[PDB]
Structure formats: structure tokens, C-alpha cells
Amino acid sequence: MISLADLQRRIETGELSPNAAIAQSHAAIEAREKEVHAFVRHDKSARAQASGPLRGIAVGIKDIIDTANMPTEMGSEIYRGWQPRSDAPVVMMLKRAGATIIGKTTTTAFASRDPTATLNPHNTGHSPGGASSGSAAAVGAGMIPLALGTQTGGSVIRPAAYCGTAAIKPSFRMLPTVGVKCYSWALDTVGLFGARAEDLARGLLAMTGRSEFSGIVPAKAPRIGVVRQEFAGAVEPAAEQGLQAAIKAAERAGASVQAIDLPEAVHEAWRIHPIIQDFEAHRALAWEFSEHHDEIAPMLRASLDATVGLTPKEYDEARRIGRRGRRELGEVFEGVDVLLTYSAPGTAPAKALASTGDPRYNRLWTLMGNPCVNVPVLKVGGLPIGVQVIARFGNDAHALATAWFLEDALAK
């Protein structure tokens, strides 16, 4: 994988030229696209900008995010050739910082469960996960140092884990979702993919100009609370193997680790995530569902068809439950700095199963809003397994610092 931080450092000291950096990404993309198919479109003419912390940094954009110079097809035939008039605010944050928008990465239809043609860089016979399939795959295949994605259920953390990349789903609403195709407004959160936690930090610093992302360093002796989300069902062996490997490394590195069972109120918040997501999806995709029903990809079409009956009454109750969940979760952080859990059910599913994987271990956190970071841990049968680092809402900086500490711990 390509390190954004590495590129920045070399460019800053004149050790590497921005044009060369971009030329390298263009080459890396063409080198494996026929194998991975992570891009909807690759703008071969894209060049490095003259100034800014991200000059020479190529970025892939999940195709539900508006771009003014390239189509934004939403992973759906309904939006074939669709061309937004403007670049989404998050795209502008990148451009204003000097980044190069190198292309649009594949997204499942309307960012839901329908598989794209993208394949896992670690094993082409397996899924790269979803819904931010192309962003995870491209970074995983070493095509680009940074990519934007989004998460409603688990579209940032899960594919990052499957493809072995670092990634972060920042605190809810920190990054604007303006110009980002809506699935569920109560959940949709923009996310970033990169090689390591530090790359994610440098990316957010450039995009937001927030001091909290400047000068971040690996955390020391972090207080970690391990939660296995039992309510989320039975996890696969490989995932537990990764979690144990992470716990052991952290302990050896000086961290204090304790196991804890999440409150019943949090269990409930996890249970109703689908109610909030689907009730809102019917409103957010109302036009598509009413005027182009049969054109909506199968799996999403089915999920919507099964939920046309969700009522405003149960929706409100589901939101009440979410609020109770956030309140009791906050209390949990009184004794620990971060929570550590699974990033996915296990290794990436074989493509033959026609599944981008189950977001059951990701969804709760998207609703809680906390910043989540995937830390690649190990590989089983050649397939990546990661762990998810979660900090208090609004403490994205600490989540990254702890993820960094964890990466170093695993490296010994």
C-alpha cells in the first residue's frame, strides 16, 4: 500500500516530486485494474496541484459522492452518465488542500448490499466487502494513498478490514454529507481509507484544518475496554484470532486491557439500527422506489420491499432507543479511553457467495456516532483480519492515536 504520510514527507523535503507521485498512482491503477476493477472511472489526465499539504496525493472517491468533472453514477443503472454540476463539499476539502481527484471508485448500488464487480486485492476469488468496495480495494491494492467512502451500516470499517487497509469513520457529522447520495440521514457518515492510522490523521488535518489532527503521536499505555458484541451473534474464528492477537500485542506494549459487556440499552440500539436505516431509506430513495422500482438492484430492492410498512411511530421509538443507547455508552468510557472489538464477522467472503459481508459488528457504532478505526492485525488463509478501535464521540484524534499505538504494538 502507498503511505500518504510517507509521500507528504518526501515531497516536502524535495525528495519526491508531486508530478512523479501522481504519475506513480496512475501507473499503479492501470497495473492492477484489470485484476481488481476498483474504479468506475480513472481520469488518466488528472495531474498534481501546485501547492497545499495534499499536493501530489491521489485520491479515489466512492461513486455516490458528487464530482463536477466526472460522472457520479451511484453504482446504479438509474444514474448512468449522471453528471453533477458541483463537487461535493468533502471533495472540495481535498481539492482546496491540493489533492488530485484521480477517479471514482466502485460503490454498490445506492451504497447498499448489492455486490459490485470489484475483487479483493489479497485474493481475487474473494469479495473486497462493501459498500465502499472500490475505495477499500484500490488502497488495498496499492493504487492510491487515500480514498473516500461512506458508512451507514458498516461500509467503511468492514471493507477496510476485508482488504487489510487502515480506515476511519469519524464522529457523526464532522465531515459534511452534502453532495453525498443519502441512504439514511441519521446514519450516513463519510470515511477515509489509507495505509496506516497516521495517513488517516494527515488526511483529516488537511481536509478540516482542525488542530486536533496535527502532531498526533501513538498513544502510550492506553486503557482498552474489549467488547465482543455478543448480541450481534456468533463471530467467526478468524475474527476472534485477530482480536486476541491485538489484545496480546497491546498488553505487551503496555496497554491495560479489560473485558466488558455492553449495557442492555446498547444492545437495543444495535437491534433497532435497521428500523432507523430502512424507514429513512424509503424517504431518501422515494423517487427511485416509486418511479424506477424494478431498476433498483435486487438486494436493496428486496430490503426496501420488505420494509414499506415501517411506521413513523416505530421509527420514533427506534430513535428514542438510539438516544438511550448513546447515553449509556458514554458512561462506559468513564473507565477506558477506547473500546476494541471486531471489524467484521471474519475473513472476506468468497465472491461466489454473492455477499459483501454482514455489517452486524459495525452498525451499532454508526448509530452511536463514535469515531471508529480499523487496524489490520493478521491474515488467515491469506485473507486480512482487522480490529476496530472506538473512542468517545468527538475524540477522533485519540482513536487514531490508539490505533497507531496498536499498529506499532503488533509490529513488535
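Note that residue numbering follows the sequence shown and begins at 1.
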- Of 133-141 and 314-322, which one has the bigger average CA B-factor? 314-322
- Which has the higher mean CA temperature factor in the PDB entry, 267-275 or 227-235? 227-235
- Based on the PDB entry, the highest CA temperature factor among the options 209, 89, 170, 98 is that of 209
- Could you say which of 153, 159, 215, 103 has its CA atom at the highest B factor, as listed in the PDB entry? 215
- Item | Position of residue 248 among the chain's modelled residues by C-alpha B-factor, lowest, middle or highest third | highest
- The third of the chain into which the C-alpha temperature factor of residue 295 falls is the middle
- Within this chain's modelled residues, let me know which third the CA B factor of residue 196 belongs to: lowest, middle or highest. middle
- Item | Where the record places residue 371 (Cα B-factor, split into thirds across the chain) | middle
- Query: Hey, what third does residue 45 fall into on Cα B-factor, ranked over its chain?
  - Reply: highest
